[PDB]
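> A single structure is presented below for examination.
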2 protein chains.
Amino acid sequence: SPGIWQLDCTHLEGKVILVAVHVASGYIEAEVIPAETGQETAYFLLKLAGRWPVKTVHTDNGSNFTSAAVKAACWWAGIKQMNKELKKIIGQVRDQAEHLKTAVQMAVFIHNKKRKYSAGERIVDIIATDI
Amino acid sequence: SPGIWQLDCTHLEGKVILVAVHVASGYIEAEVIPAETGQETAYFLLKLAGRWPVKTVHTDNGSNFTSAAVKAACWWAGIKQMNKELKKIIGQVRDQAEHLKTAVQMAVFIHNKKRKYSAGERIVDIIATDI
Ligand SMILES: [Mg+2]
Ligand SMILES: [Mg+2]
């Protein structure tokens, strides 16, 4: 289904990377956050939902979605209830950037633009078709 | 052309909001930033470019794109060289959220989901067609 996304946090260099995967396409978006918190997850969800038609979200850690901030964002946006390779692509590009956050976005870019149709093409195609 | 975007900063409550508009569709993305700086603009561009096929970017303030950080991000991503109404939608929703940044994302969401075909549908349709 085109409205399904998966959301998890990974850890790297004492930092937290939030990663959302559009399940059908393989397209990702990520952010480096300071803390793994409800407030950061809510904010991220709100951004994601203004951009794509987000219907449902899954996670591998259920307690991620327990905070009032998260429930409030899901309620308002109408939302209902790669991490290893991204880390490889990040390893590759790490030297090219000072800050981890920039390396993360370079890795997202590479992952989404790689044909092997790319994930960024697949997401747009799946969403347009569903309109 | 589907690869054209416009990028500007506006000011609100002592804070900076970066706003990118996909010119053909009217779709926007925004972030609240602390400082109007080259480093924040570069980072934003890198995020935007991993997500959509960004070919060219325009701004109303040319000096925005002068920093080495910006030029380096445009170089790497292969990029070449609403603000009033968004502020209205933000005024409307301001009370519903504590922090300006959340109000901003609510306003982006509203702007992109409004049919009056929405901007979020138009962007996906224009990009898919161009593939
Ligand atoms: Mg997790
Ligand atoms: Mg400006």
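All residue names refer to the structure tokens as shown: chains lettered A, B, ... in order, residues numbered from 1 in each chain, ligands numbered from 1 in order.
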Around ligand 2, which protein and nucleic acid residues have at least one atom no more than 8 Å from it, if we count only C-alpha atoms and all ligand atoms? List them as a list in words.

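So the residues close to ligand 2 are residues 7, 8, 9, 10, 18, 59, 60, 61 and 64 of chain B.
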
> I need the residues from that last selection saved to file as a PDB file, in the first residue's frame (with N, CA and C atoms), if you can.


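Saved file part-v3.pdb follows:
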ATOM      1  N   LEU B   7      14.100  29.379  -3.311  1.00  0.00           N
ATOM      2  CA  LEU B   7      14.500  29.255  -1.927  1.00  0.00           C
ATOM      3  C   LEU B   7      14.687  30.646  -1.357  1.00  0.00           C
ATOM      4  N   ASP B   8      13.974  30.942  -0.268  1.00  0.00           N
ATOM      5  CA  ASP B   8      14.118  32.203   0.461  1.00  0.00           C
ATOM      6  C   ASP B   8      13.950  31.992   1.952  1.00  0.00           C
ATOM      7  N   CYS B   9      14.458  32.929   2.729  1.00  0.00           N
ATOM      8  CA  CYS B   9      14.232  32.990   4.161  1.00  0.00           C
ATOM      9  C   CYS B   9      13.264  34.090   4.508  1.00  0.00           C
ATOM     10  N   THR B  10      12.321  33.804   5.426  1.00  0.00           N
ATOM     11  CA  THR B  10      11.490  34.845   6.065  1.00  0.00           C
ATOM     12  C   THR B  10      11.767  34.850   7.575  1.00  0.00           C
ATOM     13  N   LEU B  18      13.283  28.965   6.509  1.00  0.00           N
ATOM     14  CA  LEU B  18      13.723  28.702   5.147  1.00  0.00           C
ATOM     15  C   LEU B  18      12.552  28.071   4.395  1.00  0.00           C
ATOM     16  N   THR B  59      16.608  32.266  -6.054  1.00  0.00           N
ATOM     17  CA  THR B  59      16.316  32.969  -4.815  1.00  0.00           C
ATOM     18  C   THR B  59      16.061  34.470  -5.123  1.00  0.00           C
ATOM     19  N   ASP B  60      15.376  35.185  -4.221  1.00  0.00           N
ATOM     20  CA  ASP B  60      15.217  36.638  -4.336  1.00  0.00           C
ATOM     21  C   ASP B  60      16.415  37.396  -3.700  1.00  0.00           C
ATOM     22  N   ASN B  61      17.328  36.680  -3.022  1.00  0.00           N
ATOM     23  CA  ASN B  61      18.488  37.297  -2.482  1.00  0.00           C
ATOM     24  C   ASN B  61      19.718  36.513  -2.906  1.00  0.00           C
ATOM     25  N   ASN B  64      22.485  35.092  -0.734  1.00  0.00           N
ATOM     26  CA  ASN B  64      22.212  33.820  -0.046  1.00  0.00           C
ATOM     27  C   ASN B  64      23.115  32.634  -0.483  1.00  0.00           C
TER      28      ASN B  64
END

> Could you list the residues in chain B lying within 10 Å of chain A, using only C-alpha atoms, and format the result as a PyMOL selection string?

chain B and resi 27-31+42-53+73+76-77+101-113+117+119-129+131

> Could the residues in this selection be saved with N, CA and C atoms as a CSV table (one decimal), in the first residue's frame?


chain,number,residue,atom,x,y,z
B,27,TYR,N,4.1,23.4,-4.5
B,27,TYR,CA,4.5,22.6,-3.3
B,27,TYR,C,5.6,23.3,-2.5
B,28,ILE,N,5.5,23.3,-1.2
B,28,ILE,CA,6.6,23.9,-0.4
B,28,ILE,C,7.1,22.9,0.6
B,29,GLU,N,8.3,23.2,1.0
B,29,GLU,CA,8.9,22.6,2.2
B,29,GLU,C,9.6,23.7,2.9
B,30,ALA,N,9.6,23.6,4.3
B,30,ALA,CA,10.2,24.7,5.1
B,30,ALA,C,10.9,24.1,6.3
B,31,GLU,N,11.8,24.9,6.9
B,31,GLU,CA,12.4,24.6,8.2
B,31,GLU,C,12.6,25.9,8.9
B,42,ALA,N,23.1,25.2,2.8
B,42,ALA,CA,23.7,24.0,2.2
B,42,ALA,C,23.0,22.7,2.7
B,43,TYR,N,22.9,22.6,4.0
B,43,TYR,CA,22.3,21.4,4.6
B,43,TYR,C,20.9,21.2,4.1
B,44,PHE,N,20.1,22.3,4.0
B,44,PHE,CA,18.7,22.3,3.5
B,44,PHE,C,18.7,21.8,2.1
B,45,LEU,N,19.6,22.3,1.2
B,45,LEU,CA,19.7,22.0,-0.2
B,45,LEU,C,20.0,20.6,-0.4
B,46,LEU,N,20.9,20.1,0.4
B,46,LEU,CA,21.3,18.6,0.3
B,46,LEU,C,20.1,17.7,0.7
B,47,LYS,N,19.4,18.1,1.8
B,47,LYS,CA,18.1,17.3,2.0
B,47,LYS,C,17.1,17.4,0.9
B,48,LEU,N,16.9,18.5,0.3
B,48,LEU,CA,15.9,18.7,-0.7
B,48,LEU,C,16.3,17.9,-1.9
B,49,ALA,N,17.6,18.0,-2.3
B,49,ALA,CA,18.1,17.3,-3.5
B,49,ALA,C,18.1,15.8,-3.4
B,50,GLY,N,18.2,15.2,-2.2
B,50,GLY,CA,18.1,13.7,-2.1
B,50,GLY,C,16.6,13.2,-2.2
B,51,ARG,N,15.7,14.2,-2.1
B,51,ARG,CA,14.3,13.8,-2.2
B,51,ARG,C,13.7,14.1,-3.5
B,52,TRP,N,13.9,15.2,-4.1
B,52,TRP,CA,13.4,15.5,-5.4
B,52,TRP,C,14.4,15.7,-6.5
B,53,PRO,N,14.1,15.7,-7.7
B,53,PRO,CA,15.2,15.9,-8.7
B,53,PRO,C,15.4,17.4,-8.9
B,73,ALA,N,27.8,22.4,-1.7
B,73,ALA,CA,26.6,21.5,-1.7
B,73,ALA,C,26.0,21.4,-3.1
B,76,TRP,N,28.2,19.3,-5.3
B,76,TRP,CA,28.1,17.8,-5.1
B,76,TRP,C,26.8,17.2,-5.5
B,77,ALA,N,25.7,18.0,-5.3
B,77,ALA,CA,24.4,17.5,-5.7
B,77,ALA,C,24.1,17.7,-7.2
B,101,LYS,N,8.1,26.2,15.3
B,101,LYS,CA,8.5,25.2,14.2
B,101,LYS,C,7.5,24.2,13.9
B,102,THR,N,6.7,23.8,14.9
B,102,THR,CA,5.6,23.0,14.7
B,102,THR,C,4.5,23.6,14.0
B,103,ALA,N,4.1,24.9,14.3
B,103,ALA,CA,3.2,25.7,13.6
B,103,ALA,C,3.5,25.8,12.1
B,104,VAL,N,4.8,26.0,11.8
B,104,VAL,CA,5.3,26.0,10.5
B,104,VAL,C,5.0,24.8,9.7
B,105,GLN,N,5.3,23.6,10.3
B,105,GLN,CA,5.0,22.3,9.6
B,105,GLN,C,3.6,22.0,9.5
B,106,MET,N,2.8,22.4,10.4
B,106,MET,CA,1.3,22.4,10.2
B,106,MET,C,0.9,23.3,9.1
B,107,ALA,N,1.5,24.5,8.9
B,107,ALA,CA,1.2,25.4,7.8
B,107,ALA,C,1.6,24.8,6.5
B,108,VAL,N,2.8,24.2,6.4
B,108,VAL,CA,3.2,23.5,5.2
B,108,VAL,C,2.3,22.4,4.8
B,109,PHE,N,1.9,21.6,5.8
B,109,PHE,CA,0.9,20.5,5.6
B,109,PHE,C,-0.4,21.0,5.0
B,110,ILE,N,-1.0,22.0,5.6
B,110,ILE,CA,-2.2,22.6,5.1
B,110,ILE,C,-2.0,23.2,3.7
B,111,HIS,N,-1.0,24.0,3.5
B,111,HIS,CA,-0.7,24.5,2.1
B,111,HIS,C,-0.6,23.4,1.1
B,112,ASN,N,0.2,22.3,1.4
B,112,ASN,CA,0.3,21.2,0.4
B,112,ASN,C,-0.9,20.4,0.2
B,113,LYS,N,-1.7,20.2,1.2
B,113,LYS,CA,-3.0,19.3,1.1
B,113,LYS,C,-4.3,20.0,0.6
B,117,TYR,N,-7.1,19.0,-7.4
B,117,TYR,CA,-5.7,18.8,-7.2
B,117,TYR,C,-4.9,19.8,-6.2
B,119,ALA,N,-1.3,21.0,-4.2
B,119,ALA,CA,0.1,21.2,-4.6
B,119,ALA,C,0.9,19.9,-4.4
B,120,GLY,N,0.6,19.1,-3.4
B,120,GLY,CA,1.3,17.8,-3.1
B,120,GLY,C,1.0,16.8,-4.2
B,121,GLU,N,-0.2,16.8,-4.7
B,121,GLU,CA,-0.5,16.0,-5.8
B,121,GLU,C,0.1,16.5,-7.1
B,122,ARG,N,0.1,17.8,-7.3
B,122,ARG,CA,0.7,18.3,-8.6
B,122,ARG,C,2.1,18.0,-8.6
B,123,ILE,N,2.9,18.2,-7.5
B,123,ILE,CA,4.3,17.9,-7.6
B,123,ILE,C,4.6,16.5,-8.0
B,124,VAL,N,3.9,15.6,-7.4
B,124,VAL,CA,4.1,14.1,-7.7
B,124,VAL,C,3.7,13.8,-9.2
B,125,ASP,N,2.7,14.4,-9.6
B,125,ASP,CA,2.2,14.2,-11.0
B,125,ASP,C,3.2,14.8,-12.0
B,126,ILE,N,3.6,16.0,-11.8
B,126,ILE,CA,4.6,16.6,-12.7
B,126,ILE,C,5.9,15.8,-12.7
B,127,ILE,N,6.4,15.3,-11.5
B,127,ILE,CA,7.7,14.6,-11.5
B,127,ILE,C,7.5,13.2,-12.2
B,128,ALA,N,6.5,12.5,-11.9
B,128,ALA,CA,6.3,11.1,-12.4
B,128,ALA,C,6.2,11.2,-14.0
B,129,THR,N,5.4,12.1,-14.5
B,129,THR,CA,5.3,12.3,-15.9
B,129,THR,C,6.6,12.5,-16.6
B,131,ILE,N,9.6,11.5,-15.7
B,131,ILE,CA,10.5,10.3,-15.6
B,131,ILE,C,10.7,9.6,-17.0

> When you count only C-alpha atoms, which of these residues is closest to residue 40 (chain A): A:26, A:70, A:56, A:11?

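Among the listed residues, A:70 lies closest to residue 40 (chain A).
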
> Quick one: of A:88, A:58, A:114, A:71, who's nearest to ligand 1, counting only C-alpha atoms and all ligand atoms?

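The answer is A:58, which sits nearest to ligand 1.
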
> Measuring atom to atom with only C-alpha atoms, identify which of A:35, A:69, A:97, A:54 is nearest to residue 3 (chain A).

A:54

> Compare A:14, A:62, A:74, A:99 by their minimum atom-to-atom distance to ligand 1, counting only C-alpha atoms and all ligand atoms, and give me the closest one.

A:62

> Using only C-alpha atoms and all ligand atoms, which of A:38, A:98, A:72, A:116 sits nearest ligand 1?

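Answer, going by the shortest atom-to-atom distance: A:38.
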
> Write out as a ChimeraX atom specification the set of residues from region 44-84 of chain A that DSSP, computed on the backbone, places in helix (DSSP H, G or I).

/A:44-51,62-65,68-77

> Taking into account only C-alpha atoms and all ligand atoms, which residue in the set A:17, A:25, A:33, A:55 is nearest to ligand 1?

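Of A:17, A:25, A:33, A:55, the one nearest ligand 1, counting only C-alpha atoms and all ligand atoms, is A:17.
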
> So how far away is CA of residue 23 (chain B) from CA of residue 130 (chain B), in Å?

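CA of residue 23 (chain B) lies at a distance of 15.0 Å from CA of residue 130 (chain B).
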
> To one decimal in Å, tell me the separation between CA of residue 86 (chain A) and CA of residue 75 (chain B).

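Computed distance, CA of residue 86 (chain A) to CA of residue 75 (chain B), equals 22.1 Å.
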